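> One structure, as structure tokens, below. Some questions next.
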Amino acid sequence: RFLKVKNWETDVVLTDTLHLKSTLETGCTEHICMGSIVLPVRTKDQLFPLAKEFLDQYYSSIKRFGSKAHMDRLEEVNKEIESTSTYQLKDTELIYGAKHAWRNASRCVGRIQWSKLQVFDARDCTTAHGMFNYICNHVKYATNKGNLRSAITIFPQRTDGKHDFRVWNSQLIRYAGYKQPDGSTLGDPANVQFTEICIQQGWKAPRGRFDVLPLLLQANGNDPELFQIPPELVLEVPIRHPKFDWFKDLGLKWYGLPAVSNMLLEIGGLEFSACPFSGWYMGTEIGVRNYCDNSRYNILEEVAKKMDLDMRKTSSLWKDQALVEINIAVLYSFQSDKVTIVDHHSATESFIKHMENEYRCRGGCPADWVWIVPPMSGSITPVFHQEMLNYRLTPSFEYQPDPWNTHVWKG
Amino acid sequence: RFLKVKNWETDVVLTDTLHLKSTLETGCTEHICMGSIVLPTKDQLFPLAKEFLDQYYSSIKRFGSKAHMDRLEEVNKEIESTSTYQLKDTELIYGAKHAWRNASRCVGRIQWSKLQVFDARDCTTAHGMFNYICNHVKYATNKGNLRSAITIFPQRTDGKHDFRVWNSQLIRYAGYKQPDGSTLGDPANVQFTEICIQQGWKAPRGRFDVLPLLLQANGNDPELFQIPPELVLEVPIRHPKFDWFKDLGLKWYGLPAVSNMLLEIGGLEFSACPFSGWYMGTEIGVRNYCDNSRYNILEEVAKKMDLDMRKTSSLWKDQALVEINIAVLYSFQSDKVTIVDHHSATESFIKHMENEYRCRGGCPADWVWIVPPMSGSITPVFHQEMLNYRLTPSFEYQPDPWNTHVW
Ligand code: HEM
Ligand code: HEM
Ligand SMILES: Cc1cc(N)nc(C[C@@H]2CNC[C@@H]2OCCCCCc2ccccn2)c1
Ligand SMILES: Cc1cc(N)nc(C[C@@H]2CNC[C@@H]2OCCCCCc2ccccn2)c1
Ligand SMILES: C[C@H](O)[C@H](O)[C@H]1CNc2nc(N)[nH]c(=O)c2N1
Ligand SMILES: C[C@H](O)[C@H](O)[C@H]1CNc2nc(N)[nH]c(=O)c2N1
Ligand SMILES: [Zn+2]
């Protein structure tokens with residue numbers, strides 16, 4: 001079967017066949033679309049088909065499909081599964097797998113970059129201290145003094161589900177949040193619960209507006225342990241505005257390295273529950289969401305106050321005006337300090353070129369419009385006008401529950 | 001079977017049961033989401049009529065009453081003997097209001113119960129259609145104090161006698177292709193303008209020429225009529241700060257009046273049902289003015305502002321966007337023509353969603369259309385999970401008549 005998508009600005013029509021290789025569920029049915037819902041131990045029986053489907057894809061990609069090496073590898077994996085109930089990936093397969101999980105991540109606008117991913121194999125790690133060392137090395141490598149390089153660090157896979165490796169942090173670098181007795185929040189309101197856990201675990205909180213959180217690291221299903229990332233490895237950018245000299249006195253800064261650490265990587269039926277990965281920011285992630293969401297730093301009013309905008313009526317568009325200036329500030333600040341960042345025009349234009357290339361060479365590119373369209377200036381980016389098809393391919397990155405909800409405390 | 005939607009800003013969780021009543025298909029499957037795609041007999045008719053009459057009698061708290069049973073009976077007999085049926089005025093009004101209530105792509109539905117319904121089922125000719133439409137235009141415009149209205153022409157019969165308004169909206173501007181290779185006017189209306197010219201319209205060949213109506217009665221060949229110029233309320237666009245803005249020579253019309261959709265009520269199909277409300281400012285300032293395939297004015301505005309257009313990262317497009325949108329809202333407000341900004345409209349929609357959840361068990365909403373085309377996440381609807389599903393009565397897309405029609 002063939003499915004078409006249309007760009008309503010260019011009238012370019014593309015044809016998707018790749019969707020035929022999807023087997024996992026979307027959440028939608030013929031009677032309901034759940035496109036805007038944020039969240040819509042394996043047996044031997046389920047495992048070998050998943051391994052075989054993956055190894056078939058891997059051997060096809062290297063133009064060795066049906067070879068003796070391919071057949072030998074299927075046999076080797078089959079035997080390993082029946083003998084040990086699981087199997088181990090070759091390094092080549094792991095690298096291919098991680099790259100493909102990124103290529104398949106339908107909510108990621110940055111995928112033009114997917115084939116350039118440094119994979120750090122941390123499957124020989126056994127302790128939380130060992131995890132800390134791997135993560136420091138990842139941060140230093142990825143940061144590269146501001147010339148950011150995409151990377152992923154992959155810790156041992158799930159075995160019985162009782163021995164999981166997990167990074168409890170949702171990203172490697174994030175700022176603490178503290179709920180005050182008066183109901184206000186100091187720092188980042190997104191991280192209040194996790195900050196409370198860190199403190200309970202023994203972290204000495206500085207209690208400021210941009211305190212970098214400690215890592216809370218779980219190895220082999222043991223209770224997690226706290227570590228402080230060496231501050232010299234945490235690159236940060238003070239935020240200033242090219243025309244407005246009062247902007248610096250808002251005292252804003254952000255970290256350069258966006259590093260998602262709470263997702264589960266599935267490759268060939270194996271589950272990598274600790275697989276922190278990093279790229280670089282698109283400016284709106286910081287300037288629109290982190291700064292201006294009502295439930296985050298929430299700086300819109302204070303900025304618009306300083307700009308002396310007419311704030312008596314929403315129809316003056318004061319919030320929109322202040323929004324643009326904050327985002328100019330973020331891009332200017334990162335660029336001035338030579339820390340990699342991409343604006344939403346550049347990133348979306350590149351994504352459309354990537355998507356068209358994927359259609360032509362791969363037969364499709366699953367994309368979640370709800371997440372791909374930037375959270376400001378939607379229709380002046382080309383992705384707003386692009387029809388997309390959202391479906392699930394493996395290898396993949398998946399959401400998993402926060403570990404404090406499921407962890408069996410040993411004591 | 002029972003579904004939750006969460007707002008991620010407020011943590012408020014709502015439970016949707018209303019979706020179980022849905023009957024029509026979304027385009028999605030368990031394998032593929034098509035959320036972002038713009039376009040994804042006697043025996044058939046009585047179940048549709050019954051489903052509708054049941055909801056109607058429920059709504060007036062007479063479900064299972066003698067008058068309910070008698071009406072089902074009457075309608076059954078009428079379909080059996082005539083192959084169709086006629087709605088009571090009360091049913092027609094209820095159905096039209098509910099089609100709007102069910103419109104999952106409409107952010108303005110807090111307003112749904114305040115709809116003036118003009119019953120034009122007695123109309124027989126295109127001149128009649130013109131009269132009804134001028135009256136709708138004048139009523140809805142109300143010298144700038146706009147009032148929501150719909151005018152409902154006769155229902156589909158055998159499908160060879162369709163009433164259609166060929167125009168996509170009652171009021172739109174002509175588009176013409178130039179020797180220059182460029183487009184004069186609205187590029188969205190080139191084909192339609194050409195049909196107009198070929199049918200006899202003499203075009204002024206300007207940038208903002210109000211198109212004539214092309215009206216089709218009783219499956220006849222469509223005829224041309226110019227809407228009295230004095231009934232078309234237009235707004236010159238100026239900026240409260242930029243003195244130069246007025247010299248771009250921009251204007252827009254006050255009355256958004258969709259005329260190309262099909263109203264389905266109780267299985268009956270109303271192929272000409274132009275309806276109107278009032279504008280959300282982004283519709284004109286972001287989409288009509290700044291779409292690359294529309295008036296595409298961003299470049300000109302940015303230049304008069306003297307922005308650095310060297311790099312995308314100076315956010316020059318974004319700055320100019322906000323200013324164009326400020327000017328649209330200012331111009332409409334100064335001339336006292338009803339308009340709503342995207343903050344106010346989306347705030348109202350959230351309130352309406354909560355009302356619908358509390359009172360009806362849900363609200364079908366298409367997030368892709370509901371979230372405004374600028375400043376998405378600083379409006380509350382961005383953070384609101386929505387479930388999209390199709391309820392009847394409904395407004396549906398239908399093929400442009402010029403492909404369908406045989407002359
Ligand atoms: C290289 C520069 C990159 C850019 C500019 C970029 C851009 C983005 C943006 C803007 C989002 C949405 C974020 C949000 O709204 O919270 C996102 C999501 C995501 N990206 Fe990327 N990305 C990059 C690299 C990567 C890498 C290296 C990976 C993994 C190898 C990745 C995988 C993902 C995944 C799985 C999501 C969904 C996250 C979720 O559901 O929470 N991206 N990307
Ligand atoms: C009263 C003020 C109203 C406001 C502020 C409003 C708001 C909007 C907006 C902003 C859109 C998106 C349009 C686009 O992006 O092209 C829309 C779509 C729509 N609205 Fe409304 N609306 C109003 C009245 C109405 C009325 C009176 C009806 C029917 C009686 C209606 C039914 C629809 C339908 C069916 C759509 C989808 C149209 C399509 O798919 O082309 N709305 N609404
Ligand atoms: C409940 C939930 C589900 C899900 N799939 N994903 C999340 C992630 C949350 C949603 N809101 C905030 C947070 O997003 C984290 C930031 C993602 C950074 C992605 C990125 C990666 C690399 C480069 C640039 N950007 C939460
Ligand atoms: C192909 C297609 C499908 C569809 N469902 N609807 C349309 C209508 C198209 C979609 N983009 C442009 C045009 O929309 C017309 C503008 C509708 C105005 C709606 C409105 C109605 C009332 C108040 C304010 N606004 C087109
Ligand atoms: C409810 C809704 O799906 C939610 O707010 C989504 C919308 N689109 C998004 N898009 C991105 N990139 N990131 C997000 O967190 C979200 N949040
Ligand atoms: C392809 C995509 O569905 C298309 O550009 C949509 C997106 N959201 C929209 N939202 C509204 N309100 N109106 C539109 O015309 C569109 N166009
Ligand atoms: Zn869907």
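Order determines the names: the first chain of the structure tokens is A, the second B, and so forth; residues in each chain are numbered 1 upward, and ligands are numbered 1 upward as they are shown.
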Can you write out as CSV which residues of chain A fall within 9 Å of ligand 5, alongside each residue's closest atom pair and its distance in Å to one decimal, counting only C-alpha atoms and all ligand atoms and ordering rows by chain and ascending residue number?


```
residue,atom,partner,partner_atom_place_in_ligand_line,distance
A:35,CA,ligand 5,3 (O),7.5
A:36,CA,ligand 5,3 (O),4.0
A:37,CA,ligand 5,3 (O),5.1
A:38,CA,ligand 5,3 (O),5.0
A:39,CA,ligand 5,3 (O),8.8
A:107,CA,ligand 5,12 (N),6.8
A:108,CA,ligand 5,12 (N),7.7
A:109,CA,ligand 5,12 (N),8.3
A:285,CA,ligand 5,12 (N),7.7
A:289,CA,ligand 5,15 (O),8.1
A:368,CA,ligand 5,10 (N),8.8
A:369,CA,ligand 5,8 (N),8.3
A:370,CA,ligand 5,8 (N),4.8
A:371,CA,ligand 5,10 (N),3.3
A:372,CA,ligand 5,12 (N),5.8
A:373,CA,ligand 5,10 (N),7.0
A:374,CA,ligand 5,12 (N),6.5
A:375,CA,ligand 5,10 (N),6.8
```

> Could those selected residues go to a file with N, CA and C atoms, as a compact mmCIF listing (two decimals), in the first residue's frame?


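The resulting part.txt:
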```
# COMPACT_ATOMS: atom_id res chain seq x y z
N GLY A 35 -3.43 11.68 18.60
CA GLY A 35 -2.22 12.42 18.20
C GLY A 35 -1.69 13.49 19.15
N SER A 36 -2.54 14.07 19.99
CA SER A 36 -2.01 15.06 20.97
C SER A 36 -1.81 14.53 22.41
N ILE A 37 -2.03 13.24 22.63
CA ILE A 37 -1.79 12.65 23.97
C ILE A 37 -0.27 12.46 24.10
N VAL A 38 0.29 12.95 25.20
CA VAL A 38 1.72 12.87 25.44
C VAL A 38 2.16 11.40 25.65
N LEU A 39 1.42 10.64 26.45
CA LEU A 39 1.68 9.19 26.65
C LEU A 39 0.50 8.34 26.20
N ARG A 107 9.24 12.31 17.04
CA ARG A 107 9.14 13.62 17.68
C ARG A 107 10.41 14.51 17.57
N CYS A 108 11.46 14.01 16.91
CA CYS A 108 12.75 14.71 16.81
C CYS A 108 12.93 15.47 15.52
N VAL A 109 13.01 16.79 15.62
CA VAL A 109 13.20 17.63 14.43
C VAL A 109 14.68 17.66 13.99
N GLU A 285 13.53 25.64 22.64
CA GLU A 285 13.42 24.76 23.82
C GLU A 285 13.68 25.56 25.11
N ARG A 289 9.90 27.34 25.85
CA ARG A 289 9.38 26.44 26.89
C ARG A 289 10.03 26.63 28.28
N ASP A 368 5.96 13.32 14.08
CA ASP A 368 4.83 13.63 14.90
C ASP A 368 4.69 15.15 14.76
N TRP A 369 3.73 15.59 13.97
CA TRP A 369 3.57 17.03 13.70
C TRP A 369 3.44 17.87 15.00
N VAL A 370 2.67 17.35 15.94
CA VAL A 370 2.44 18.02 17.23
C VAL A 370 3.72 18.42 17.93
N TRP A 371 4.75 17.58 17.82
CA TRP A 371 6.03 17.86 18.44
C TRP A 371 7.03 18.56 17.53
N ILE A 372 6.97 18.27 16.23
CA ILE A 372 7.92 18.86 15.26
C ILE A 372 7.71 20.36 15.04
N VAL A 373 6.46 20.80 14.91
CA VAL A 373 6.22 22.23 14.78
C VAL A 373 6.67 22.97 16.07
N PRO A 374 7.54 23.99 15.93
CA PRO A 374 8.06 24.76 17.05
C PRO A 374 6.96 25.45 17.84
N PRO A 375 7.23 25.71 19.14
CA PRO A 375 6.21 26.24 20.04
C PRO A 375 6.03 27.76 19.95
```

> Quick check for you: according to DSSP on this backbone, which residues of stretch 66-286 of chain B are classed as alpha helix (DSSP H)? Reply as a PyMOL selection string.

chain B and resi 66-82+89-101+126-141+190-199+281-282

> Do you have the atom 20 (C, counted along the ligand's line) of ligand 3-atom CA of residue A:265 distance handy?

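For atom 20 (C, counted along the ligand's line) of ligand 3 relative to atom CA of residue A:265, the distance reads 15.1 Å.
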
> Return as a ChimeraX atom specification every polymer residue, whether protein, DNA or RNA, with at least one atom no more than 12 Å from an atom of ligand 7; count only C-alpha atoms and all ligand atoms.

/A:25-37,40,367-370,388-391 /B:25-37,40,366-368,386-389

> May I have the selected residues written with C-alpha atoms, as a short mmCIF file (atom, residue, chain, number, x, y, z; two decimals), in the first residue's frame?


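Now in part-v6.cif:
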```cif
data_model
loop_
_atom_site.label_atom_id
_atom_site.label_comp_id
_atom_site.auth_asym_id
_atom_site.auth_seq_id
_atom_site.Cartn_x
_atom_site.Cartn_y
_atom_site.Cartn_z
CA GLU A 25 0.46 0.50 18.15
CA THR A 26 -0.10 4.30 17.94
CA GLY A 27 -2.96 4.75 20.39
CA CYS A 28 -5.25 5.89 17.56
CA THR A 29 -8.09 3.85 16.01
CA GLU A 30 -10.49 4.37 13.08
CA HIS A 31 -12.79 6.06 15.63
CA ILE A 32 -10.37 8.18 17.65
CA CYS A 33 -7.15 10.13 17.12
CA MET A 34 -4.84 10.41 20.09
CA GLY A 35 -2.22 12.42 18.20
CA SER A 36 -2.01 15.06 20.97
CA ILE A 37 -1.79 12.65 23.97
CA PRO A 40 -0.72 7.24 24.42
CA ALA A 367 7.05 12.37 12.12
CA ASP A 368 4.83 13.63 14.90
CA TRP A 369 3.57 17.03 13.70
CA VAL A 370 2.44 18.02 17.23
CA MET A 388 3.25 13.94 8.18
CA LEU A 389 2.55 10.32 9.04
CA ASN A 390 3.24 9.15 12.56
CA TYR A 391 4.03 5.46 13.09
CA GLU B 25 -13.94 7.26 10.79
CA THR B 26 -10.85 9.41 11.60
CA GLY B 27 -8.37 8.31 8.98
CA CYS B 28 -6.05 6.93 11.70
CA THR B 29 -5.40 3.26 12.45
CA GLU B 30 -3.64 1.39 15.26
CA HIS B 31 -0.56 1.40 12.99
CA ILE B 32 -0.62 4.98 11.62
CA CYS B 33 -1.68 8.42 12.83
CA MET B 34 -3.00 10.81 10.21
CA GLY B 35 -3.67 13.66 12.68
CA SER B 36 -1.83 16.16 10.48
CA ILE B 37 -3.49 15.30 7.13
CA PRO B 40 -8.11 12.18 5.39
CA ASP B 366 -8.24 18.64 16.70
CA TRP B 367 -5.09 20.04 18.42
CA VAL B 368 -3.33 20.61 15.07
CA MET B 386 -7.40 16.72 23.11
CA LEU B 387 -9.15 13.72 21.65
CA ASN B 388 -10.31 14.04 18.04
CA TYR B 389 -13.35 12.08 16.84
#
```

> Kindly indicate which residue among B:171, B:268, B:248, B:188 lies nearest to chain A, using only C-alpha atoms for the distances.

B:188

> Could you please determine the separation between atom CA of residue B:326 and atom CA of residue B:290 in Å, to one decimal place?

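About the pair atom CA of residue B:326 and atom CA of residue B:290: they are 13.5 Å apart.
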
> Within 6 Å of ligand 6, counting only C-alpha atoms and all ligand atoms: which residues, as a list in words?

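Listing the residues within 6 Å of ligand 6 gives residues 384, 385, 386 and 387 of chain A; 36, 37, 38, 368, 369 and 370 of chain B.
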
> Within 7 Å of ligand 2 (counting only C-alpha atoms and all ligand atoms), which residues show up? I'd like them as a ChimeraX atom specification.

/B:96-97,100,103,105-109,111-112,115,148-150,275-280,283,340,345,369,395,397

> Nearest to chain B: which of A:190, A:74, A:197, A:257 is it, counting only C-alpha atoms?

A:190
